[PDB]
Amino acid sequence: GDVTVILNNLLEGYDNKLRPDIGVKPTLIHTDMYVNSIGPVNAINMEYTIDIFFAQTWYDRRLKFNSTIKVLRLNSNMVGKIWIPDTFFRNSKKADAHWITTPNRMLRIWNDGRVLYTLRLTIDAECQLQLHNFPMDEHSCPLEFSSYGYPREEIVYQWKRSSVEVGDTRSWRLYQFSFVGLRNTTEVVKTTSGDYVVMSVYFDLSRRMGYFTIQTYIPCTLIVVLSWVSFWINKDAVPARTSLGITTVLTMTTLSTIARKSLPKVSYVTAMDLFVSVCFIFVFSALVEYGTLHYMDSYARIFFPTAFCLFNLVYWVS
Amino acid sequence: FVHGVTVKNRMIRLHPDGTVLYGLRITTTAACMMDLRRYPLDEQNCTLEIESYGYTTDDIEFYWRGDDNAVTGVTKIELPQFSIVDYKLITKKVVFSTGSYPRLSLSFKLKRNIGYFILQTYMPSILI
Amino acid sequence: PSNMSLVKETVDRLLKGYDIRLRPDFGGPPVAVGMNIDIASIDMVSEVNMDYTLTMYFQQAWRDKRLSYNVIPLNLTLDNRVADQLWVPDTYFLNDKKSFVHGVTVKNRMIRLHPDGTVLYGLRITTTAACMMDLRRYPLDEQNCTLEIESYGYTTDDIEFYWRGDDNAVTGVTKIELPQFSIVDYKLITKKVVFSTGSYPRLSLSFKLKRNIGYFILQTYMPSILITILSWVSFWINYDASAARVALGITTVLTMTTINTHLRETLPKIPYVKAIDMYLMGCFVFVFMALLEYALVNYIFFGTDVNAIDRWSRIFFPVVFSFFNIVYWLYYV
Amino acid sequence: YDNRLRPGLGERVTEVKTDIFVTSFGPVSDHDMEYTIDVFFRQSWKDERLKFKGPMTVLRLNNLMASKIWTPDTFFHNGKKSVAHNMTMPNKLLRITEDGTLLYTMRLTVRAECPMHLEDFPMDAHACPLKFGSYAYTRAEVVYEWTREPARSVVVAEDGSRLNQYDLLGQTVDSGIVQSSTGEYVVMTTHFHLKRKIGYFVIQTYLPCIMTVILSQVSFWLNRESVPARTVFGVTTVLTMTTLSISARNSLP
Amino acid sequence: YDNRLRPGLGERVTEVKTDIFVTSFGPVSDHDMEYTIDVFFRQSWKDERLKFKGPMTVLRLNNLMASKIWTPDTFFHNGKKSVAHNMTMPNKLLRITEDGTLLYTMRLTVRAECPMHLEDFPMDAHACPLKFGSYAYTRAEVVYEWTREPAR
Amino acid sequence: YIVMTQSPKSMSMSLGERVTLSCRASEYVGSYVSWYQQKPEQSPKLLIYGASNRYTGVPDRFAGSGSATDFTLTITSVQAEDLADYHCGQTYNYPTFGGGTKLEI
Amino acid sequence: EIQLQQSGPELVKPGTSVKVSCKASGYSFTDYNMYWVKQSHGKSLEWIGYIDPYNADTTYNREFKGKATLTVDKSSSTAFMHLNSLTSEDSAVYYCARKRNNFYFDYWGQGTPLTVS
Ligand SMILES: *[C@@H]1O[C@H](CO)[C@@H](O[C@@H]2O[C@H](CO)[C@@H](O[C@@H]3O[C@H](CO[C@H]4O[C@H](CO)[C@@H](O)[C@H](O[C@H]5O[C@H](CO)[C@@H](O)[C@H](O)[C@@H]5O)[C@@H]4O)[C@@H](O)[C@H](O[C@H]4O[C@H](CO)[C@@H](O)[C@H](O)[C@@H]4O[C@H]4O[C@H](CO)[C@@H](O)[C@H](O)[C@@H]4O)[C@@H]3O)[C@H](O)[C@H]2NC(C)=O)[C@H](O)[C@H]1NC(C)=O
Ligand SMILES: *[C@@H]1O[C@H](CO)[C@@H](O[C@@H]2O[C@H](CO)[C@@H](O[C@@H]3O[C@H](CO[C@H]4O[C@H](CO)[C@@H](O)[C@H](O)[C@@H]4O)[C@@H](O)[C@H](O[C@H]4O[C@H](CO)[C@@H](O)[C@H](O)[C@@H]4O)[C@@H]3O)[C@H](O)[C@H]2NC(C)=O)[C@H](O)[C@H]1NC(C)=O
Ligand SMILES: *[C@@H]1O[C@H](CO)[C@@H](O[C@@H]2O[C@H](CO)[C@@H](O[C@@H]3O[C@H](CO[C@H]4O[C@H](CO)[C@@H](O)[C@H](O)[C@@H]4O)[C@@H](O)[C@H](O[C@H]4O[C@H](CO)[C@@H](O)[C@H](O)[C@@H]4O)[C@@H]3O)[C@H](O)[C@H]2NC(C)=O)[C@H](O)[C@H]1NC(C)=O
Ligand SMILES: *[C@@H]1O[C@H](CO)[C@@H](O[C@@H]2O[C@H](CO)[C@@H](O[C@@H]3O[C@H](CO[C@H]4O[C@H](CO)[C@@H](O)[C@H](O)[C@@H]4O)[C@@H](O)[C@H](O[C@H]4O[C@H](CO)[C@@H](O)[C@H](O)[C@@H]4O)[C@@H]3O)[C@H](O)[C@H]2NC(C)=O)[C@H](O)[C@H]1NC(C)=O
Ligand SMILES: *[C@@H]1O[C@H](CO)[C@@H](O[C@@H]2O[C@H](CO)[C@@H](O[C@@H]3O[C@H](CO[C@H]4O[C@H](CO)[C@@H](O)[C@H](O)[C@@H]4O)[C@@H](O)[C@H](O[C@H]4O[C@H](CO)[C@@H](O)[C@H](O)[C@@H]4O)[C@@H]3O)[C@H](O)[C@H]2NC(C)=O)[C@H](O)[C@H]1NC(C)=O
Ligand SMILES: CCCCCCCC/C=C/CCCCCCCC(=O)O[C@@H](COC(=O)CCCCCCCCCCCCCCC)COP(=O)([O-])OCC[N+](C)(C)C
Ligand SMILES: CCCCCCCC/C=C/CCCCCCCC(=O)O[C@@H](COC(=O)CCCCCCCCCCCCCCC)COP(=O)([O-])OCC[N+](C)(C)C
Ligand SMILES: *[C@@H]1O[C@H](CO)[C@@H](O[C@@H]2O[C@H](CO)[C@@H](O[C@@H]3O[C@H](CO)[C@@H](O)[C@H](O)[C@@H]3O)[C@H](O)[C@H]2NC(C)=O)[C@H](O)[C@H]1NC(C)=O
Ligand SMILES: CC(=O)[C@H]1CC[C@H]2[C@@H]3CC[C@H]4C[C@H](O)CC[C@]4(C)[C@H]3CC[C@]12C
Ligand SMILES: Cc1ccc(-c2nc3ccc(C)cn3c2CC(=O)N(C)C)cc1
Ligand SMILES: *[C@@H]1O[C@H](CO)[C@@H](O)[C@H](O)[C@H]1NC(C)=O
Ligand SMILES: CCCCCCCCCCCC
Ligand SMILES: CCCCCCCCCCCC
Ligand SMILES: CCCCCCCCCCCC
Ligand SMILES: CCCCCCCCCCCC
Ligand SMILES: CCCCCCCCCCCC
Ligand SMILES: CCCCCCCCCCCC
Ligand SMILES: CCCCCCCC
Ligand SMILES: CCCCCCCC
Ligand SMILES: CCCCCCCC
Ligand SMILES: CCCCCCCC
């Protein structure tokens, strides 16, 4: 055919190991992304999964051809035959391309020398979540990538006009957060091997607390009301009062343990930890109130709900 | 493993003199036996034992290029559970029945963050 | 070293001009591929994934005129890498979920060329075969788990399967020692499964595992029986002791339902009711009826005869529970 | 033969008559909002280059010839970590008919993404999709089709259901186009309609909840003078309710 | 060189002298009745085809030459799923002595099956086996042996 | 099989006005619902394929629409050539056709 | 272009079989299935069956199962429908359609009127 001869001519005398314009000028690469879906944000492991269609285009004077054919649209077969930039993701704990049924890669070659190379990736990017206030935490999770071995003088990156072709967010597995937006940056990081141009995409995610309300906040408020109801029970009922108080505080301890299990292992008190601590204070105070009463009730009947509501207002407004 | 997206995370750079700069982005689950007798007040020491497998000291020789600048990025490591107090670079020669081989040891003296266990473990026991 | 050169020449002739893309007797009668298994172990028989991990020495023997030699009298056992240069049947396990040939030290493969042309090709395969289990009588259930060896690309017009050695093809099943199962029986079946692409040969190796009940007495049945007997203690406490009897009742009921939920959470989310579920719900009926018996006693008193109700319960609850056990165990065992 | 060019390049549009035989509809993971399905994914297409005439009309071969010739780069749009089975050999078949038609079947375990709206859980039904199409070739180069009638082109094996808490009511197929900055791509969609079986949750959460509320209402028959008994009756039931709610949320993402 | 043919094929049994150096006896997974072990699985054998004369009496090479020559198809009978570590490079050493002797060691993580009779648990002791041998070659083709005293 | 129902048995409209012909499918048919035009003593002629895709050589005034079971064929401006019997047929299952709407003046 | 020529109109007594042809010239005959549609005067189009010419694989409607037999001549590139045990209701106009793909029938036959009396 007329296309097979073009490919044979292009690959004839083609050094796959050499980048375009090596020793001449840095190779400008324009990268674009289609964020198919931001997968689950694993706050416990400080990582999140993202599925993308990563596209990168560059000019290669070796891959230029003049003929009636305008483009050479090719599958993954030709990806390994020509020079592809060694773009790796700096904050990817583990990433893998898609191979079923065939490798999910595309490669198009224009007459001038444009080489649009796209592939589908599933990156388990590392987002350094700072959950000092949880579950109201808002995170700007990045996704960096750069050439692994080619310094700034040999491979330069740049963002095409279309910033990021983010897909429809309805089908995303992002249950915890809501995708607020995207923002791109391009900075020259210095390291031991040289200076490398790094392009980073920050996805801004804002947490939703509805599941945490029905999961943690509501049970703790209900058990605090269970602590409250002890006051209306007659003071003479020593076993009843003591039983209600102990059941309340012990199940509060259990609820605190499971709520902390939801969180990762981090050494700082969070907002949920503050709320459960205040609930501890309330239930323990009710038990001690009956302890001192046996060894006043109406004052507690007012102070406990009012203190809890005022603390709720102060805590929630923050 | 070595990461392989979008391509195998590997670098080769030939310098004019002959030096071959060779880099790999590596994730290692390294074994670290922990003496948890003082846990959670424990200062664990975990090591990475770099060694040549088939080449003895008569054939290969290791060294940290830069006496202590050969290992960087340790300070920026914000480990959620531990605090990296110190780290050392050691060069030795371990002897097996097959021969003597060069060894590099990268040791981190991690320290446990007591606050998380104070809030999680110690405080419930104290209140109980 | 002369015989080494002779064998090198023979194997070089065998591999010279060998079309791996074409099966033996291509454009001819189907090649008879005999099979024989050596069950190394059966492990991880888990109902949560509805699968079982089977490690086996899977041997296939098939004639191949292209691999026939007559100069050398001995049988040539070649390095396993030669399997990559030889045609082998494209067999697969239709219910396999995750399989692998063992890696160390080398690829666990065996290739043995016989002078007549027979090829003995062996693999050490660890396969997580899918076994859809009927847990209706669990844990007193027999599970019929199968391995379905089939030729993927070659129809019955191009390949045939048979258990080489008939019932003696599969060995080592008796030596298997499952932790909670007893392999009471195993069977070998030869079928011809028809798909839209054609009719393919099939070998079904089916094990009828029988679940050991001893562990479930220790962890499942005996604790619930003891909790029911404990709930019976409330009948021996006078009706005035409201706190004691109520605490005994609610503690027993809550522990019973907690036991049921904790056990069922480990198992998959099957809709139907199991035998262990049947027993647990039956004993929950007994303990909840003990609590409601105290409730009736309290209502009848506050809202001689009440001692009559308490005494009749004191003897009828163990008797009715024993008859429930009789019916249940007779039906299920 | 050039493996890098599709059949009829520059003169035709490569029509691939795909087909699915669901060997087993694997378990549905509501936590991951995905589902597993093992299929005999068959594709068929005309390739004039692979035209022959010999003693036999159809050449049944193995995967080695499949790798040597052009095959469509079909991928699943909502696929997530699928595996092409390889034991014992690559589970693929290639069949070159003398006219040039190729029948290329592969055994796959595709873990497709099924976005579920769990608003009516557990009395909920989900239409789990499975969309597939060419990755590199636009609608002007590779077009997909159902080999049989669309209703009869996705067949599910009778004794293949591996579902525990779901019921495969049926499947419905369709064909459409995906717009992209890269181009227009033909997509074959098939929705498997699953209905969750409420049986497990009746005896796991609904029955415990009903018995707990009846247990709490038992306290209305105890005498009012017995304060500890009814107090423990209430507090133990509320604590049981909290535990039930927490243990019921973990069954879902 | 035909790496598909074992040394002395049709003339002699291939004497393989093997020894094990346990770098670390891994944790015992009594739940799965299995244990992990990390070993320098050394095995040496004579090979007349690999005789040479030169300035060095020992050719100390890498795994690439190990792939090029015949090596025994040793496998662990009770191994479940082992790992042949290959980072940074295949952790194997291959040394050819001038007389034709080969020393071929390799770092392995064998996860082997250890059937436990837990009647006296937790006050119980076990003898976890580590069996290995040729997968394809019978006793008349290759025979294994300990390079030193069996105790040592 | 799938039964196709044509709601307008016979529609009478003047020249140059919007007209919509409906089509109902008993079961799911997806986008496999074609429309055909058949003049008297003549074979059917395909106009709309898929659900809204316009067949080649068809005037732009024809427009199809429909997702699942409700399908409509709309003529923006009826011309003298647009007076014939219009059929809707489904190819999701074995082929079936509707009664056939006839356009009059 | 594509042209489907059918046999001319004919009249036959009840109980006598009849065959109707369908000749295609524009395209390669074996690539696409050939369908047969019956249309009685004033009634809806009714599908009889279709034949896959390459392997001659046939599928029939339940109503016409046994009433009609579909055959093919690849060398002549013709599709034949054979009707047997004809009755009064069998009088209708028959078309042969070419199914381009799952969506539409591309080219229809000119039409073979059938009458019985
Ligand atoms: C230590 O040992 C391990 C194994 O124990 C080695 O890891 C293996 O390395 C080999 C060689 O590099 C890999 O083979 C390659 O696999 C490519 C696709 O792999 C996918 O499928 C396999 C299953 O077969 C999965 O295991 C993979 O997933 C794992 O690997 C990826 C990284 O690749 C990780 O990110 C994952 O997390 C997993 O860990 C993948 O899902 C396959 O395409 C490739 O074959 C192409 O390239 C060769 C090069 O010679 C060509 O000959 C061949 O024809 C193919 O080329 C075609 O396709 C490319 C696709 O772009 C086109 O560009 C070409 O033009 C042409 O069309 C190769 O077979 C193997 O996957 C990997 N993992 C295993 C075996 O589990 C380590 O490398 C080794 N060393 C070190 C230092 O660790
Ligand atoms: C975590 O735990 C590891 C244990 O593995 C600690 O590593 C040890 O660290 C100590 C101190 O840094 C090392 O001790 C060293 O001993 C050397 C002598 O032995 C080696 O000698 C030559 C090199 O000269 C080698 O070829 C040979 O094979 C021996 O291995 C000294 O040379 C070292 O330097 C200094 O030693 C003394 C004082 O210690 C000075 O007077 C000398 O002048 C010299 O400058 C050093 O002392 C030890 O080898 C390490 N490995 C072990 C014990 O296995 C880590 O330190 C620990 N983590 C942290 C953070 O401390
Ligand atoms: C290369 O490999 C070949 C093939 O294995 C070897 O030749 C076979 O060696 C086996 C030894 O196990 C022979 O098997 C024995 O055959 C006896 C006669 O059986 C005849 O009828 C059967 C009917 O099916 C034929 O298959 C068979 O070929 C014979 O024609 C049997 O009486 C034996 O039965 C029992 O023997 C012992 C106990 O005595 C048991 O341990 C056995 O398990 C079995 O129950 C036995 O079956 C066989 O006859 C040989 N020829 C073949 C198979 O054609 C070569 O020896 C080998 N060369 C080497 C290693 O150098
Ligand atoms: C699914 O399962 C199938 C099983 O069929 C696997 O397919 C086999 O995979 C192996 C490993 O990749 C292939 O082995 C390869 O063989 C090539 C050809 O070997 C011959 O030719 C060379 C010279 O060209 C001779 O040296 C050799 O002795 C043979 O005569 C080799 O060229 C390959 O070499 C590669 O690996 C070696 C490993 O040591 C490297 O050193 C090389 O540099 C090179 O990278 C390799 O050995 C085998 O051919 C495949 N087919 C078959 C039929 O076995 C699939 O890999 C597996 N997975 C998938 C996804 O399909
Ligand atoms: C685990 O569960 C699987 C279920 O899939 C069981 O596999 C099936 O087992 C049954 C019984 O073994 C198979 O059914 C039939 O077995 C017959 C055995 O021969 C008996 O019957 C014949 C005829 O009645 C008698 O003449 C003879 O003396 C024996 O008494 C086969 O002969 C049958 O084949 C015949 O019938 C079929 C169907 O009509 C025909 O197609 C055949 O050509 C032939 O004429 C038949 O095979 C059944 O085939 C097995 N597979 C299935 C159902 O898929 C396992 O047995 C079970 N294992 C354990 C350990 O529990
Ligand atoms: C059909 C066969 C079925 C088979 C099942 C057999 C079921 C049968 C079992 C029925 C239960 C036995 C009690 C029946 C009598 C109760 C009534 C009573 O109070 O009687 C007397 C006391 O009661 C006793 O004498 C106590 C003897 C039983 C105590 C056993 C405890 C051992 C626990 C071991 C558990 C360890 C668990 C080990 C784990 C497995 C006196 O009553 P009274 O107050 O004086 O009133 C009468 C006077 N009046 C007449 C004037 C009113
Ligand atoms: C710890 C508790 C122990 C207690 C022991 C006591 C013993 C209790 C015994 C329990 C019976 C055990 C049943 C197991 C079988 C599973 C359920 C089932 O199959 O339902 C099926 C019917 O669908 C429904 O039933 C839903 C309707 C609601 C049922 C709940 C009503 C609550 C009554 C409120 C009243 C409150 C009281 C009012 C105030 C006084 C659904 O099953 P499926 O899977 O989806 O499949 C389809 C159906 N199929 C199976 C036929 C094909
Ligand atoms: C993603 O990255 C791209 C490239 O870095 C960002 O687009 C760039 O945005 C700047 C500022 O808006 C543009 O500069 C301005 O251009 C306008 C129009 O020509 C001109 O009037 C101004 O004076 C100024 O020069 C820049 O042109 C544009 N890049 C391109 C290629 O057009 C984009 O904003 C980033 N997306 C984010 C941050 O969400
Ligand atoms: C008179 C009497 O014996 C009393 C003793 C205990 C009482 C039951 C407790 C649980 C109640 C739950 C709901 O309120 C419905 C009624 C309900 C079943 C009650 C019926 C009447 C009983 C049996
Ligand atoms: C920057 C960029 C933009 C688009 C692509 C892309 N190329 C294809 C080819 C095929 C299919 C199905 C999807 N492709 C997508 C992703 C897309 O556009 N979707 C999901 C709507 C790649 C890179
Ligand atoms: C391609 O050919 C055209 C016409 O022959 C010519 O004008 C153009 O310069 C050529 N381009 C090359 C050789 O790169
Ligand atoms: C699990 C928490 C137990 C109670 C901890 C109380 C200590 C104070 C925590 C809040 C400090 C702001
Ligand atoms: C007692 C009421 C608790 C909830 C109060 C919520 C107040 C609204 C805060 C919204 C953010 C400013
Ligand atoms: C469908 C099976 C429902 C079984 C319900 C539990 C039966 C318990 C019987 C207790 C007898 C005292
Ligand atoms: C729900 C009330 C349960 C009462 C059980 C009583 C059992 C013994 C009855 C004897 C009557 C005299
Ligand atoms: C289980 C049903 C018991 C019915 C008892 C009726 C009691 C009526 C009130 C007068 C005596 C308490
Ligand atoms: C006192 C009797 C209580 C019930 C005894 C259990 C019977 C088990 C039968 C087992 C089947 C053989
Ligand atoms: C030390 C625990 C609280 C004790 C309070 C008792 C009443 C004064
Ligand atoms: C005597 C105190 C009455 C309490 C009023 C309600 C407070 C929530
Ligand atoms: C930063 C350390 C915080 C420790 C937890 C608060 C004290 C219980
Ligand atoms: C790391 C500082 C821990 C603070 C402990 C506070 C005890 C209430």
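Don't worry about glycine lacking a Cβ; one is built from the backbone with ideal geometry, like all the others, and counts go over all protein chains shown. Read-outs throughout are calculated quantities, based only on the coordinates presented, and are distinct from any laboratory measurement.
The test for being within 16 Å of ligand 1 (Cβ to nearest atom) and within 30 Å of residue A:92 (Cβ to Cβ) does not hold for residue B:65.
When residue A:269 is tested against (1) surrounded by fewer than 20 Cβ atoms within 10 Å (Cβ to Cβ); (2) assigned to a helix (DSSP H, G or I), exactly one condition is not met: (2). Restricting attention to the range C:211-220, does a residue exist that is part of a helix (DSSP H, G or I) and either under 24 Å from residue C:315 (Cβ atoms) or touching an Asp or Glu at 6+ places or on another chain (Cβ under 8 Å) (or both)? No, the conditions are met nowhere in the range C:211-220. For beta carbons closer than 6 Å, sequence separation of 6+ or different chains, a first residue in the range A:295-318 that is assigned to a helix (DSSP H, G or I) and a second that is acidic (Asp, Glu) and within 16 Å of ligand 18 (Cβ to nearest atom), the qualifying pairs are A:300/A:289.
Among the residues of the range E:9-34, those identified as in a loop (DSSP other than H, G, I, E, B) and touching an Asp or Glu at 6+ places or on another chain (Cβ under 9 Å) are E:9, E:13, E:25, E:26, E:32, E:33.
A Cβ distance below 7 Å, combined with a sequence gap of six or more or placement on separate chains, defines the contacts here; from the range G:68-82, residues that are among the basic types (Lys, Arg) reach residues that are not in a strand (DSSP E or B) in the pairs G:74/G:29; G:74/G:30; G:74/G:53. Contact map, the range A:1-23: residues that are outside any loop (DSSP other than H, G, I, E, B) paired with residues that are not hydrophobic (A, V, I, L, M, F, W, C), Cβ distance under 7 Å, separation 6+ or inter-chain. Pairs shown: A:4/D:2; A:6/A:67; A:7/D:4; A:11/A:81.
Just one of the listed residues (D:112, D:84) is touching a strand residue (DSSP E or B) at 6+ places or on another chain (Cβ under 7 Å), within 14 Å of chain C (Cβ to nearest Cβ) and aliphatic (A, V, I, L, M), and it is D:84. Those strands (runs of 3 or more DSSP E) of chain F in which at least 3 residues are crowded, with 17+ Cβ neighbours inside 10 Å and facing another protein chain (nearest Cβ under 9 Å), considering only elements entirely within it, cover F:33-38, F:45-49.
Of everything in the range C:307-328 that is near ligand 15 (Cβ under 10 Å from one of its atoms) and farther than 24 Å from residue C:255 by Cα, the residue that is surrounded by the most Cβ atoms within 10 Å (Cβ to Cβ) is C:309. Picking from residues in the range C:183-212 that are polar (S, T, N, Q) and surrounded by 15 or more Cβ atoms within 10 Å (Cβ to Cβ), the one that is nearest to ligand 2 (Cβ to nearest atom) is C:206.
The residues of the range A:50-75 that are of a type in the set (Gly, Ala, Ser) and in contact with a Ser or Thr (Cβ under 6 Å, 6 or more places away or on another chain) amount to a single one, A:55. Report, by residue number, each residue of the range E:43-58 that is away from every other protein chain (no Cβ under 11 Å) and outside any loop (DSSP other than H, G, I, E, B). Result: E:45, E:46, E:50. Determine, yes or no, whether residue A:180 is farther than 30 Å from residue A:20 by Cα, more than 9 Å from chain D (Cβ to nearest Cβ), β-branched (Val, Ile, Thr) and touching a strand residue (DSSP E or B) at 6+ places or on another chain (Cβ under 7 Å). So residue A:180 passes the test. If we keep just the residues of the range A:54-108 that are among the polar types (S, T, N, Q) and in a loop (DSSP other than H, G, I, E, B), which is farthest from residue D:70 (Cα to Cα)? Step by step, filter the range A:54-108, then rank; the result is A:91. Any residue in the range C:137-145 that is more than 16 Å from ligand 10 (Cβ to nearest atom), touching a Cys at 6+ places or on another chain (Cβ under 9 Å) and within 14 Å of chain D (Cβ to nearest Cβ)? Yes, the range C:137-145 contains at least one residue that is more than 16 Å from ligand 10 (Cβ to nearest atom), touching a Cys at 6+ places or on another chain (Cβ under 9 Å) and within 14 Å of chain D (Cβ to nearest Cβ). The condition of being buried (at least 20 other Cβ atoms within 10 Å of the Cβ), within 12 Å of another protein chain (Cβ to nearest Cβ) and within 16 Å of ligand 9 (Cβ to nearest atom) holds for only one of C:235, C:288, that being C:288. Restricting the first member to the range C:305-332 and to residues that are within 14 Å of chain D (Cβ to nearest Cβ), and the second to residues that are of a type outside the set (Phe, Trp, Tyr) and away from ligand 8 (no atom under 16 Å from the Cβ), the beta-carbon pairs closer than 8 Å and six or more apart or on different chains are C:306/C:297; C:306/C:300. When residue D:6 is tested against (1) away from chain A (no Cβ under 11 Å); (2) farther than 23 Å from residue A:171 by Cβ; (3) not in a strand (DSSP E or B), only condition (1) is not met.
Checking each residue of the range C:113-132 against the condition of being crowded, with 21+ Cβ neighbours inside 10 Å and outside any strand (DSSP E or B) gives at least one match.
Just checking, which of D:57, D:105, D:109 is more than 24 Å from the chain's Cα centre (by Cα) and of a type outside the set (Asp, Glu)?
None of the others qualify; the one that does is D:57.
Against the list (1) part of a helix (DSSP H, G or I); (2) surrounded by 21 or more Cβ atoms within 10 Å (Cβ to Cβ), the condition residue C:3 fails is (2). Kindly evaluate residue B:19 against the criterion of being within 10 Å of another protein chain (Cβ to nearest Cβ) and within 26 Å of residue E:89 (Cα to Cα). Considered against the rule, which asks whether it is within 10 Å of another protein chain (Cβ to nearest Cβ) and within 26 Å of residue E:89 (Cα to Cα), residue B:19 comes out as no.
From the list C:125, C:149, the one residue that fits, being closer than 14 Å to residue C:59 by Cα, more than 7 Å from every other protein chain (Cβ to nearest Cβ) and out of contact with any helix residue (DSSP H, G or I) (no Cβ under 9 Å at 6 or more places or on another chain), is C:149.
Inspect the range D:11-25 for any residue being touching a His at 6+ places or on another chain (Cβ under 9 Å) and more than 12 Å from chain C (Cβ to nearest Cβ) and give the result as yes or no.
The answer is no; no qualifying residue exists.
If you filter the range D:196-237 down to residues that are within 30 Å of residue D:118 (Cα to Cα) and outside any helix (DSSP H, G or I), you find that the one that is nearest to ligand 5 (Cβ to nearest atom) is D:197.
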